[PDB]
Colleague: 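Handing you this structure, nothing more for now.
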Amino acid sequence: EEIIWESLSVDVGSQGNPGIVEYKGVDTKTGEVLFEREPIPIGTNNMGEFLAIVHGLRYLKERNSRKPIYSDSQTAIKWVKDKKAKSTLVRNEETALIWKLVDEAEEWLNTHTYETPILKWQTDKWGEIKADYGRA
RNA sequence: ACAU
DNA sequence: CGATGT
Ligand SMILES: [Cl-]
Ligand SMILES: [Cl-]
Ligand SMILES: [Cl-]
Ligand SMILES: [Mg+2]
Ligand SMILES: [Mg+2]
Ligand SMILES: [Rb+]
Ligand SMILES: [Rb+]
Ligand SMILES: [Rb+]
(Lines give C-alpha, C1' and ligand atoms only; values in the text may rest on other atoms or scores of the structure.)
(Ligands and ions follow the chains in the order given, each with its own letter.)
Protein backbone atom coordinates (compact mmCIF):
# COMPACT_ATOMS: atom_id res chain seq x y z
CA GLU A 1 0.00 0.00 0.00
CA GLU A 2 2.53 2.60 1.20
CA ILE A 3 6.29 2.64 0.69
CA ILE A 4 8.16 2.31 3.97
CA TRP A 5 10.81 4.92 3.25
CA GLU A 6 12.84 3.97 6.36
CA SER A 7 14.20 0.82 4.79
CA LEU A 8 17.02 -0.75 2.82
CA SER A 9 16.47 -1.68 -0.84
CA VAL A 10 18.58 -4.27 -2.70
CA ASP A 11 18.96 -5.38 -6.31
CA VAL A 12 21.09 -7.52 -8.62
CA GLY A 13 22.71 -6.46 -11.85
CA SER A 14 23.98 -8.87 -14.45
CA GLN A 15 25.70 -9.16 -17.79
CA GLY A 16 24.00 -12.26 -19.09
CA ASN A 17 21.83 -14.67 -17.13
CA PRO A 18 23.68 -16.80 -16.25
CA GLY A 19 26.49 -14.28 -16.47
CA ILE A 20 28.45 -11.71 -14.49
CA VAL A 21 26.54 -10.87 -11.29
CA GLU A 22 26.83 -7.96 -8.87
CA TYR A 23 24.48 -6.52 -6.28
CA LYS A 24 24.05 -3.47 -4.09
CA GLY A 25 22.00 -2.09 -1.24
CA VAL A 26 20.75 1.47 -0.92
CA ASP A 27 18.92 3.65 1.57
CA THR A 28 15.41 3.73 0.10
CA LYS A 29 14.81 7.34 1.20
CA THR A 30 17.99 8.88 -0.22
CA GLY A 31 19.41 6.39 -2.73
CA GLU A 32 22.75 6.43 -0.90
CA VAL A 33 24.69 3.28 -1.76
CA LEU A 34 25.38 1.36 1.45
CA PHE A 35 27.11 -1.75 0.10
CA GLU A 36 28.16 -3.17 -3.26
CA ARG A 37 29.48 -6.65 -4.02
CA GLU A 38 32.41 -7.03 -6.39
CA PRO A 39 31.26 -8.66 -9.65
CA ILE A 40 31.10 -12.46 -9.62
CA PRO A 41 32.11 -14.02 -12.97
CA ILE A 42 29.17 -16.45 -13.37
CA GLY A 43 25.90 -16.57 -11.49
CA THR A 44 22.17 -16.28 -11.97
CA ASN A 45 19.83 -13.39 -11.42
CA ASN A 46 18.13 -15.22 -8.56
CA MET A 47 21.36 -16.17 -6.80
CA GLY A 48 22.36 -12.50 -6.86
CA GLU A 49 18.92 -11.38 -5.64
CA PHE A 50 19.26 -13.88 -2.75
CA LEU A 51 22.81 -12.87 -1.83
CA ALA A 52 21.77 -9.22 -1.83
CA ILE A 53 19.01 -9.82 0.70
CA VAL A 54 21.21 -11.93 2.97
CA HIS A 55 23.95 -9.33 2.81
CA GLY A 56 21.36 -6.73 3.81
CA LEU A 57 20.35 -8.86 6.79
CA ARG A 58 23.97 -9.10 7.90
CA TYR A 59 24.58 -5.39 7.28
CA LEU A 60 21.57 -4.31 9.35
CA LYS A 61 22.26 -6.77 12.16
CA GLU A 62 25.84 -5.56 12.50
CA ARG A 63 24.53 -1.98 12.85
CA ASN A 64 21.70 -2.86 15.26
CA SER A 65 19.14 -1.57 12.75
CA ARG A 66 15.55 -2.81 12.72
CA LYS A 67 14.78 -1.37 9.25
CA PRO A 68 13.03 -3.69 6.75
CA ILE A 69 14.59 -4.78 3.45
CA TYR A 70 12.84 -4.35 0.08
CA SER A 71 13.50 -6.72 -2.82
CA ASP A 72 11.57 -7.02 -6.08
CA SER A 73 12.33 -10.75 -6.34
CA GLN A 74 9.50 -13.10 -5.43
CA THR A 75 12.00 -15.96 -5.78
CA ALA A 76 14.72 -14.56 -3.54
CA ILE A 77 12.28 -13.52 -0.81
CA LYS A 78 11.02 -17.10 -0.70
CA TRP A 79 14.53 -18.58 -0.70
CA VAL A 80 15.50 -16.40 2.27
CA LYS A 81 12.30 -17.37 4.12
CA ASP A 82 13.14 -21.04 3.48
CA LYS A 83 16.86 -20.54 4.23
CA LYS A 84 17.48 -22.47 1.00
CA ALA A 85 18.40 -21.16 -2.47
CA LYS A 86 16.86 -23.65 -4.90
CA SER A 87 18.98 -22.63 -7.89
CA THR A 88 19.18 -24.73 -11.09
CA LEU A 89 22.68 -23.45 -11.86
CA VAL A 90 25.14 -26.28 -12.52
CA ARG A 91 27.80 -26.68 -9.84
CA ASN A 92 31.13 -26.84 -11.68
CA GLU A 93 34.51 -25.15 -11.62
CA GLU A 94 33.30 -21.97 -13.30
CA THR A 95 30.31 -21.57 -10.95
CA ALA A 96 32.30 -22.45 -7.82
CA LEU A 97 32.51 -18.88 -6.51
CA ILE A 98 28.82 -18.00 -6.68
CA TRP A 99 27.92 -21.36 -5.17
CA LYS A 100 30.42 -20.81 -2.35
CA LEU A 101 28.76 -17.48 -1.59
CA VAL A 102 25.29 -19.03 -1.74
CA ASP A 103 26.37 -21.89 0.52
CA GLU A 104 27.92 -19.42 2.98
CA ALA A 105 24.79 -17.27 2.92
CA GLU A 106 22.61 -20.27 3.77
CA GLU A 107 25.08 -21.22 6.51
CA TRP A 108 24.79 -17.73 8.01
CA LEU A 109 20.99 -17.86 7.94
CA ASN A 110 21.10 -21.21 9.75
CA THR A 111 23.36 -19.94 12.58
CA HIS A 112 21.98 -16.42 13.24
CA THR A 113 18.70 -14.79 14.17
CA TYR A 114 17.01 -11.66 12.87
CA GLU A 115 13.63 -9.98 12.94
CA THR A 116 14.13 -7.90 9.76
CA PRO A 117 10.93 -7.83 7.67
CA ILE A 118 11.69 -8.75 4.07
CA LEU A 119 9.19 -6.90 1.92
CA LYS A 120 8.16 -7.13 -1.72
CA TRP A 121 8.86 -3.94 -3.68
CA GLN A 122 5.72 -3.34 -5.78
CA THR A 123 7.33 -2.39 -9.07
CA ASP A 124 4.01 -2.19 -10.92
CA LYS A 125 2.81 0.55 -8.54
CA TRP A 126 6.05 2.26 -7.49
CA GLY A 127 8.46 2.01 -10.43
CA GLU A 128 11.88 0.40 -10.29
CA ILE A 129 13.39 -0.42 -6.89
CA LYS A 130 15.80 2.31 -5.75
CA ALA A 131 18.78 -0.11 -5.84
CA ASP A 132 18.16 -0.85 -9.53
CA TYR A 133 20.96 -0.94 -12.06
CA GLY A 134 19.84 0.96 -15.13
CA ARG A 135 20.32 -2.08 -17.36
CA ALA A 136 17.02 -4.05 -17.82
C1' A B 1 0.12 -16.82 -14.60
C1' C B 2 3.24 -14.36 -11.39
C1' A B 3 7.99 -12.22 -10.07
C1' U B 4 12.70 -11.17 -12.02
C1' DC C 1 13.97 -12.35 -28.41
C1' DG C 2 16.56 -15.44 -24.35
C1' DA C 3 17.30 -17.29 -19.23
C1' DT C 4 16.05 -17.72 -13.94
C1' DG C 5 12.56 -18.95 -10.76
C1' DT C 6 7.45 -20.22 -7.85
CL1 LIG D 1 27.63 -12.56 -0.98
CL1 LIG E 1 8.01 -3.45 8.14
CL1 LIG F 1 7.12 -12.12 -2.28
MG1 LIG G 1 15.55 -7.11 -8.87
MG1 LIG H 1 16.72 -4.19 -11.31
RB1 LIG I 1 24.10 -6.88 16.59
RB1 LIG J 1 18.24 -2.98 -14.89
RB1 LIG K 1 9.07 -18.42 -17.58
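Note on naming: letters A, B, ... go to the chains in the order of the sequence lines (proteins, then strands), and numbering restarts at 1 for each one. All heavy atoms count here, side chains included; hydrogens, waters and symmetry mates do not.
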Colleague: Among residues 25-47 of chain A, which residues get a heavy atom nearer than 4.0 Å to RNA chain B?
Modeller: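 Correct list: A:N45.
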Colleague: Please indicate whether A:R91 has more than 12 foreign heavy atoms, meaning atoms of other residues, nucleotides or ligands, lying under 6.0 Å from its CZ.
Modeller: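 Atom CZ in A:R91 is crowded, with more than 12 foreign heavy atoms closer than 6.0 Å.
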Colleague: To check you understand the geometry: which heavy-atom pair defines the closest contact between A:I69 and A:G56, and what is its length?
Modeller: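 Looking at all heavy atoms of both residues, the shortest contact is CD1-C, 3.6 Å.
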Colleague: Check every nucleotide of DNA chain C for an atom under 4.0 Å from a heavy-atom of chain A, then give the first and the last such nucleotide from 5' to 3'.
Modeller: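 Reading along DNA chain C, I get C:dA3 to C:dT6.
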Colleague: Relative to the ring of A:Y70, is the ring of A:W126 parallel (under 30°), tilted (30 to 60°) or perpendicular (over 60°)?
Modeller: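 It falls in the perpendicular class, over 60°.
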Colleague: Please tell me whether A:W121 and A:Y59 are part of a single hydrophobic cluster in this structure, the criterion being side-chain heavy atoms less than 4.5 Å apart.
Modeller: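 Not linked; separate clusters.
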Colleague: For A:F35 and A:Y23, take the angle between the two ring planes, folded into 0 to 90°, and tell me which bin it lands in: parallel under 30, tilted 30 to 60, perpendicular over 60.
Modeller: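 A:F35 vs A:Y23 ring planes: perpendicular.
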Colleague: So if I take residues 67-76 of chain A and measure heavy-atom distances to RNA chain B, which residues fall below 4.0 Å?
Modeller: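 Residues of residues 67-76 of chain A that come under 4.0 Å of RNA chain B are, in numerical order, A:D72, A:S73, A:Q74.
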Colleague: For a side chain to side chain contact (heavy atoms under 4.5 Å, CB included) with A:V26, tell me which candidate from A:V33, A:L34, A:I129, A:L8 qualifies.
Modeller: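 With A:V26 as partner, A:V33, A:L34, A:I129, A:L8 yield a single side chain to side chain contact (heavy atoms under 4.5 Å, CB included), made by A:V33.
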Colleague: At what distance, to the nearest 0.5 angstrom, does NZ of A:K29 lie from NZ of A:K130?
Modeller: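 The NZ atom of A:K130 is 13.5 Å from NZ of A:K29, to the nearest 0.5 Å.
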Colleague: What are the 5'-most and 3'-most nucleotides of RNA chain B lying under 4.0 Å from any heavy atom of chain A?
Modeller: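 Nucleotide range with atoms under 4.0 Å of chain A: B:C2 to B:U4.
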Colleague: Applying side chain to side chain donor-acceptor pair (under 3.5 Å), can you list everything that pairs with A:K100, at least two apart in sequence or on another chain?
Modeller: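 For A:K100, the residues satisfying side chain to side chain donor-acceptor pair (under 3.5 Å) (neighbours in sequence not counted) are A:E104.
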Colleague: Quick test of your reading of the model: are A:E106 and A:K83 salt-bridged, counting only N-O distances below 4.0 Å?
Modeller: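 No salt bridge links A:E106 with A:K83.
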Colleague: Considering only heavy atoms, which members of residues 81-109 of chain A lie under 4.0 Å from some atom of RNA chain B?
Modeller: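 Hits under 4.0 Å, by residue number: none.
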Colleague: Hey, any chance A:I42 and A:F50 share a hydrophobic cluster, counting ILVMFWY side chains that come within less than 4.5 Å of each other, even indirectly?
Modeller: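 Shared cluster, no.
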Colleague: A:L89 and A:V21: same hydrophobic cluster, using ILVMFWY side-chain contacts below 4.5 Å?
Modeller: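 As far as the 4.5 Å side-chain criterion goes, A:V21 and A:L89 are not connected within one cluster.
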Colleague: A:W99 and A:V12: same hydrophobic cluster, using ILVMFWY side-chain contacts below 4.5 Å?
Modeller: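 In one cluster: no.
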Colleague: Only one of A:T75, A:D11, A:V10 passes side chain to side chain contact (heavy atoms under 4.5 Å, CB included) with A:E49; say which it is.
Modeller: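 For A:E49, the side chain to side chain contact (heavy atoms under 4.5 Å, CB included) test succeeds with only one of A:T75, A:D11, A:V10, which is A:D11.
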Colleague: Group every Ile, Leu, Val, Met, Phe, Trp and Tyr by side-chain heavy-atom contacts under 4.5 Å, then state whether A:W108 and A:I118 land in the same group.
Modeller: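 Result: yes, single cluster for both.
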Colleague: Report the distance from atom OG of A:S71 to atom CG of A:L119, rounding to the nearest 0.5 Å.
Modeller: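 Output value for this atom pair is 10.0 Å.
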